[PDB]
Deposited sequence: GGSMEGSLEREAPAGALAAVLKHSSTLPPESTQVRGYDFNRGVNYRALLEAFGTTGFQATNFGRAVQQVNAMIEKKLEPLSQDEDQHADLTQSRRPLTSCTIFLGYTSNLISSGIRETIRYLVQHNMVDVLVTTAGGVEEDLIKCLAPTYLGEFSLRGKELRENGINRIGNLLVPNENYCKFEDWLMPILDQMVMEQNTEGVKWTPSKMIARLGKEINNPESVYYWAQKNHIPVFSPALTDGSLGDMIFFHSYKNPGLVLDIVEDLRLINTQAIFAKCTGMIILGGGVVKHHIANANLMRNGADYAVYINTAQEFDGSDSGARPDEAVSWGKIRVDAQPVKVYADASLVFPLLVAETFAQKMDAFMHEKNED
């Protein structure tokens, strides 16, 4: 029986103690507290020594899957995710349509803050974020010669492209330390996204295919890669931001952060019903970023 009790500001302001007190505050603050515990248990299992997939990445004592929706990549959470990937704190990335190109585009031009007329200035609104159309034009220019090389390598060097191999290539090509995908390919963290071509990147692949036909993207090889990662893990952890990212039907540790409801049936595990833009950086602050020394 733990008693409900909030942080007492008559102590002054200690941010560690403030965040610890969320555990006893109730409602989603308590879920936040439980999420910190689950992620710290993931991390501690990951750091336990081993003494013991078609993948280069060395096995650890806990394989952590980080899933996220595109919109979080458009947000500043992109920096949070990049940090984790940069320091090898997760093992596999999963995302949805848009989630690749929104990272790469931010390397060529910035996304801006607006609010919750726009079409005439040439601007794509995503919540309270603004991406000028010019950004997609710059990305297109950058992308075309890479797709040319990709088709050539497929037809002459036997390369069998999948979304994950394409995402590694694009990460390598962007060659920029602010990119999630640059760091992911550098650290051999595979990125999975069958819905890679559903949005803007798809549109460009589509037009490119009439200029230079031939590109094939197989999803069955990626299917084998992602599932083998899970089957041959000693333990698995999952952290999933935004929902609609991953399917069930076991994970040893699981945290979900989203604002989706269960009532229209839309797809000790912990859910925090909150905007990940608020919650994820706090969660990282109290977990992965506390163990920064151990990952180096």
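Of the deposited sequence, the ranges 1 to 30, 83 to 90, 155 to 159, 293 to 301, 320 to 337, 367 to 372 have no C-alpha coordinates according to the record.
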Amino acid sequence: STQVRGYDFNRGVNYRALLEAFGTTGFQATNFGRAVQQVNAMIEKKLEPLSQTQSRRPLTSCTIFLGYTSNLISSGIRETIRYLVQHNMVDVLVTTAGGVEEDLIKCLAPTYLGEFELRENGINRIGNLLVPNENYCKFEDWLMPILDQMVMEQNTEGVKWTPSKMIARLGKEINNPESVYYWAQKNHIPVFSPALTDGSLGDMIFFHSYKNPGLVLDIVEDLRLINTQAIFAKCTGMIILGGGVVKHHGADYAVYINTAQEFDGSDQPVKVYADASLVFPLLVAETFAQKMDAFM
From here on, numbers count along this sequence of modelled residues.
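Rigid core: the largest C-alpha set superposing within 1.5 Å between the two forms.
Fitting each structure in 5 other deposited structures of this protein onto the rigid core and averaging C-alpha distances over structures and residues, 193 to 201 emerges as the more displaced of 193 to 201 and 140 to 148.
Root-mean-square C-alpha deviation from the shown form, taken over all structures in 5 other deposited structures of this protein superposed by the rigid core, is larger for 211 to 219 than for the alternative among 211 to 219 and 79 to 87. Figure legend: residue 266 is marked as modelled in all of the other comparable entries of the protein, none of which omit it, let alone a third. Residue 54, present in the displayed chain, goes without coordinates in a third or more of the other PDB entries compared that cover both sides of it. Higher average CA B factor: 230 to 238, of the stretches 230 to 238 and 32 to 40. Look at the C-alpha B-factors of 126 to 134 and of 78 to 86. On average they run higher in 126 to 134. Among the modelled residues of the chain, residue 183 sits in the lowest third by CA temperature factor in this PDB entry. When all modelled residues of the chain are sorted by CA temperature factor, residue 113 is found within the highest third. For residue 145, the recorded CA B-factor ranks within the middle third of the chain. Only modelled residues enter the ranking.
The deposited CA B-factor of residue 176 belongs to the middle third of values across its chain.
In the deposited entry, the Cα temperature factor of residue 258 sits in the middle third of values across the chain's modelled residues.
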